[PDB]
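J.: Would you mind keeping the following structure in view while I ask a few things?
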Number of protein chains: 2
Amino acid sequence: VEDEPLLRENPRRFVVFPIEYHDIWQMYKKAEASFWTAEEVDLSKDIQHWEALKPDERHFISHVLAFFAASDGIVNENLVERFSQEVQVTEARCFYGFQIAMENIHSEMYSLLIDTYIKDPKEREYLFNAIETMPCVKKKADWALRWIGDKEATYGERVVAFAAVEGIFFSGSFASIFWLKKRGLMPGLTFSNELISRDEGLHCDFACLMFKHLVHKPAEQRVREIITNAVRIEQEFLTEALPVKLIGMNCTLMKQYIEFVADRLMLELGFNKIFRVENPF
Amino acid sequence: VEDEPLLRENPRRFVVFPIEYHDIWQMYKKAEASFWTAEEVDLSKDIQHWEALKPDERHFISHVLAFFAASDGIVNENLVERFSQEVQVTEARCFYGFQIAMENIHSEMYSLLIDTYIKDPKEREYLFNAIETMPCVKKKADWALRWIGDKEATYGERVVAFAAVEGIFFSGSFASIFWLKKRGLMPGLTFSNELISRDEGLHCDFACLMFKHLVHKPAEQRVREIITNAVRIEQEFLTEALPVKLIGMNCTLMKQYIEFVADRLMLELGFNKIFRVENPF
Ligand SMILES: [Fe+2]
Ligand SMILES: [Fe+2]
Ligand SMILES: [Fe+2]
Ligand SMILES: [Fe+2]
């Protein structure tokens, strides 16, 4: 780990200037400039829209929200107990410091959404504790938590795993909400989804930038394996556990979109595409 | 640690709602609402003011800035490797997530200040690495770093130590800059100092709130001891190592102010005042 510019001991770690890595610094500034709070999302005119929905459309959205409820918390857990601690480069710690704060805002946003659409407290506890109630989302959670507690996996494998969590595990639900936007529905849900997605894309690109700054990283086959496993888990979630059919989407094109996102991630990582499919949406 | 509501295992840790502690949550919202970036501080009209200063007034300010250069970094180091990891209460992790992001902005601000006033790169490296060059600030730094690596000290003693770092170690330099403001000087320096101080007061109050949520905490005598040791170190820094006389301040009243701040901290902690002196300024 001493030959790793990103992980090796750094005595100038506590001071910001002079900037050592301008690429990392610019990433941080883009994140900082993107700051927003949950309060900025108007949900007053949304309780009505939630009613104008079909029993299946509410069933879908509520389940997606169930996954998003703790997801950002899990990510922050990793960033606090791991990434932010391991990396010694000031610029990177700055990016991670902001990522943690934004993930907590994302976490609040999703809770606010659930709280706003599900008035019945009985249903609430069922969704809030989705990682302890809904087996479907329990799997995506365990996958992520495993990478947090895995003491064998190198930073290289781990940073790739969370890039998958924030890119691939978010992609399906993201696309679903953007579909609703086109259909003119839930302006509160789709608007927050636009701000959050802008952050995730940023969290993903940073993950790829950290990967590039790693000297000894996992082989391509291992990266394809991790990405591919996340792809399947994400497809199984949106074409089986919770079919996007419930909102008028083709379960086939959704699977293809997931792969398209996995391919973009691979390119960003500096590798060749895995699936070689176009973005259907 | 299992009987500590703040440190015990929490399965609902990843989700924000429902709010368990509204007192902690409100602290977080106050912090969130106080957000600001370094870019918002106009330093264009400051290079001129730095010139209209006396050789001693620049000597003082540059040394205070030397301490502030890494101080926020050290604080963030503790919050990341310790506090944020130990505490399992969602609301508290949210406050700490924001504290970390703001400390990094504070860190940038001070670097920007130094970079802006000291054009010569020779002087810069001497101040940026003050914890490795200036013995005077090296002592205040080691004191803080010790609390970070001390594996024996309980969270109770440690949270009290950093409340002292952010309250007592900041107080002297803070008062000095507010003195300059009265004297109409360095509008860039005094303006940032107002925003930063607003955050520190908030970081200090939160520290006291966490202390209150601790069941088994250090005895009062131990708290007085930690606070008192910080007081002395801070006075020795501003009446010996770097006399506030250099900017037209009475070294005696400054020592009294430090004690007045130590007393406010004690009250906030739920204990009696130690020095019982009025705020001179
Ligand atoms: Fe997020
Ligand atoms: Fe994220
Ligand atoms: Fe600070
Ligand atoms: Fe602070």
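Note on naming: chains are A, B, ... as they come in the structure tokens, residues start from 1 per chain, ligands start from 1 in the order shown.
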What do you get as a VMD selection string if you pick all residues at most 10 Å from ligand 1, counting only C-alpha atoms and all ligand atoms?
T.: chain A and resid 68 70 to 76 99 to 107 109 to 110 166 170 193 195 to 201 203
J.: Within segment 152-244 of chain B, find each residue whose DSSP state, derived from the backbone, is alpha helix (DSSP H), and express the selection as a PyMOL selection string.
T.: chain B and resi 155-182+187-212+220-236
J.: Residues within 12 Å of residue 280 of chain A, please, as number ranges by chain. Count only C-alpha atoms; anything in the same chain fewer than 4 positions from it doesn't count.
T.: A: 175, 249-261
J.: Okay, now the selection with N, CA, C and O atoms, as a PDB file, in the first residue's frame?
T.:
```
ATOM      1  N   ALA A 175     -34.278   4.894 -14.277  1.00  0.00           N
ATOM      2  CA  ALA A 175     -34.938   4.868 -15.575  1.00  0.00           C
ATOM      3  C   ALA A 175     -36.450   4.800 -15.413  1.00  0.00           C
ATOM      4  O   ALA A 175     -37.187   5.427 -16.170  1.00  0.00           O
ATOM      5  N   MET A 249     -43.753  -0.539 -18.784  1.00  0.00           N
ATOM      6  CA  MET A 249     -42.450  -0.646 -19.427  1.00  0.00           C
ATOM      7  C   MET A 249     -42.162  -2.072 -19.872  1.00  0.00           C
ATOM      8  O   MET A 249     -42.617  -3.034 -19.252  1.00  0.00           O
ATOM      9  N   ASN A 250     -41.400  -2.199 -20.950  1.00  0.00           N
ATOM     10  CA  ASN A 250     -41.032  -3.504 -21.475  1.00  0.00           C
ATOM     11  C   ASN A 250     -39.887  -4.062 -20.627  1.00  0.00           C
ATOM     12  O   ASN A 250     -38.821  -3.456 -20.543  1.00  0.00           O
ATOM     13  N   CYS A 251     -40.114  -5.208 -19.991  1.00  0.00           N
ATOM     14  CA  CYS A 251     -39.100  -5.832 -19.147  1.00  0.00           C
ATOM     15  C   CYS A 251     -37.821  -6.169 -19.903  1.00  0.00           C
ATOM     16  O   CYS A 251     -36.759  -6.312 -19.301  1.00  0.00           O
ATOM     17  N   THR A 252     -37.924  -6.295 -21.220  1.00  0.00           N
ATOM     18  CA  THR A 252     -36.769  -6.631 -22.042  1.00  0.00           C
ATOM     19  C   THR A 252     -35.844  -5.443 -22.284  1.00  0.00           C
ATOM     20  O   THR A 252     -34.631  -5.553 -22.107  1.00  0.00           O
ATOM     21  N   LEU A 253     -36.414  -4.312 -22.688  1.00  0.00           N
ATOM     22  CA  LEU A 253     -35.619  -3.121 -22.942  1.00  0.00           C
ATOM     23  C   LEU A 253     -34.966  -2.600 -21.661  1.00  0.00           C
ATOM     24  O   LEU A 253     -33.921  -1.959 -21.715  1.00  0.00           O
ATOM     25  N   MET A 254     -35.585  -2.873 -20.515  1.00  0.00           N
ATOM     26  CA  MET A 254     -35.042  -2.430 -19.234  1.00  0.00           C
ATOM     27  C   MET A 254     -33.747  -3.177 -18.941  1.00  0.00           C
ATOM     28  O   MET A 254     -32.778  -2.595 -18.451  1.00  0.00           O
ATOM     29  N   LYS A 255     -33.744  -4.472 -19.240  1.00  0.00           N
ATOM     30  CA  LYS A 255     -32.568  -5.303 -19.024  1.00  0.00           C
ATOM     31  C   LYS A 255     -31.423  -4.821 -19.905  1.00  0.00           C
ATOM     32  O   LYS A 255     -30.257  -4.857 -19.510  1.00  0.00           O
ATOM     33  N   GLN A 256     -31.777  -4.373 -21.104  1.00  0.00           N
ATOM     34  CA  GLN A 256     -30.813  -3.880 -22.074  1.00  0.00           C
ATOM     35  C   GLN A 256     -30.250  -2.540 -21.624  1.00  0.00           C
ATOM     36  O   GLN A 256     -29.091  -2.227 -21.890  1.00  0.00           O
ATOM     37  N   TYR A 257     -31.076  -1.740 -20.954  1.00  0.00           N
ATOM     38  CA  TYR A 257     -30.624  -0.440 -20.484  1.00  0.00           C
ATOM     39  C   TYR A 257     -29.579  -0.626 -19.390  1.00  0.00           C
ATOM     40  O   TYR A 257     -28.571   0.068 -19.364  1.00  0.00           O
ATOM     41  N   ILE A 258     -29.848  -1.568 -18.491  1.00  0.00           N
ATOM     42  CA  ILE A 258     -28.953  -1.884 -17.390  1.00  0.00           C
ATOM     43  C   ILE A 258     -27.572  -2.236 -17.948  1.00  0.00           C
ATOM     44  O   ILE A 258     -26.552  -1.781 -17.435  1.00  0.00           O
ATOM     45  N   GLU A 259     -27.560  -3.050 -19.002  1.00  0.00           N
ATOM     46  CA  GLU A 259     -26.321  -3.472 -19.651  1.00  0.00           C
ATOM     47  C   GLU A 259     -25.628  -2.297 -20.313  1.00  0.00           C
ATOM     48  O   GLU A 259     -24.407  -2.207 -20.305  1.00  0.00           O
ATOM     49  N   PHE A 260     -26.416  -1.394 -20.881  1.00  0.00           N
ATOM     50  CA  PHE A 260     -25.866  -0.205 -21.515  1.00  0.00           C
ATOM     51  C   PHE A 260     -25.154   0.644 -20.456  1.00  0.00           C
ATOM     52  O   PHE A 260     -24.125   1.249 -20.724  1.00  0.00           O
ATOM     53  N   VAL A 261     -25.720   0.703 -19.258  1.00  0.00           N
ATOM     54  CA  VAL A 261     -25.105   1.491 -18.192  1.00  0.00           C
ATOM     55  C   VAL A 261     -23.831   0.796 -17.696  1.00  0.00           C
ATOM     56  O   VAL A 261     -22.841   1.451 -17.373  1.00  0.00           O
TER      57      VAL A 261
END
```
J.: Between A:276, A:63, A:54, A:82, which residue has the minimum interatomic distance to chain B, considering only C-alpha atoms?
T.: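 Selected residue with least distance to chain B: A:82.
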J.: Rounded to one decimal place, report the atom CA of residue 22 of chain A-atom CA of residue 163 of chain A distance in Å.
T.: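 Separation of atom CA of residue 22 of chain A and atom CA of residue 163 of chain A: 21.2 Å.
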J.: So how many Å separate atom CA of residue 228 of chain B and atom CA of residue 169 of chain B, to one decimal?
T.: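 Atom CA of residue 228 of chain B sits 11.7 Å away from atom CA of residue 169 of chain B.
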J.: Compile the contact shell of residue 155 of chain B as a list in words: residues with an atom at most 9 Å away, counting only C-alpha atoms, same-chain residues fewer than 3 positions apart removed.
T.: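 Near neighbours after the sequence-gap exclusion: residues 83, 86, 158, 159, 160, 211, 214 and 217 of chain B.
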J.: Which is closer to chain A than all the others in B:36, B:67, B:98, B:60, using only C-alpha atoms?
T.: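 Residue with the minimum atom-to-atom distance to chain A: B:98.
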J.: Could you jot down the atom CA of residue 191 of chain B to atom CA of residue 46 of chain B separation for me, Å, one decimal place?
T.: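 Distance reported for this atom pair: 11.1 Å.
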J.: Any idea what's packed within 10 Å of residue 268 of chain B, counting only C-alpha atoms, ignoring anything in its chain fewer than 2 positions away? Could you give it as number ranges by chain?
T.: B: 204-209, 211-212, 262-266, 270-273
J.: So that I can see what lies close to residue 53 of chain A, please list as an MDAnalysis selection string the residues with an atom at most 12 Å from it, counting only C-alpha atoms and leaving out residues fewer than 3 positions away in the same chain.
T.: chainID A and resid 46:50 56:62 117 180 183:186 246:247
J.: Next, dump the selected residues to file, keeping only C-alpha atoms, as a compact mmCIF listing (two decimals), in the first residue's frame.
T.:
```
# COMPACT_ATOMS: atom_id res chain seq x y z
CA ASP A 46 -47.78 15.51 -4.94
CA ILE A 47 -50.20 13.88 -2.51
CA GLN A 48 -52.85 14.48 -5.18
CA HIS A 49 -50.74 12.92 -7.94
CA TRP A 50 -50.11 9.85 -5.80
CA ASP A 56 -49.91 -1.18 -9.54
CA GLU A 57 -48.17 2.13 -10.17
CA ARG A 58 -48.24 2.80 -6.42
CA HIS A 59 -47.10 -0.74 -5.71
CA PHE A 60 -44.09 -0.22 -7.95
CA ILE A 61 -43.07 3.23 -6.75
CA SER A 62 -43.46 2.29 -3.08
CA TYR A 117 -47.15 9.29 0.03
CA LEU A 180 -43.02 8.41 -15.19
CA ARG A 183 -45.87 10.30 -18.63
CA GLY A 184 -46.37 13.46 -16.59
CA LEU A 185 -46.77 12.02 -13.09
CA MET A 186 -45.44 12.60 -9.55
CA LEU A 246 -46.38 -2.50 -13.52
CA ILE A 247 -45.80 1.00 -14.92
```
J.: Using only C-alpha atoms, which residues sit within 7 Å of residue 16 of chain A once same-chain residues fewer than 5 positions away are excluded, as a list in words?
T.: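 Near neighbours after the sequence-gap exclusion: residues 90 of chain A; 107, 108 and 111 of chain B.
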J.: Restricting the calculation to only C-alpha atoms: of B:23, B:79, B:7, B:44, which residue gets closest to chain A?
T.: B:79
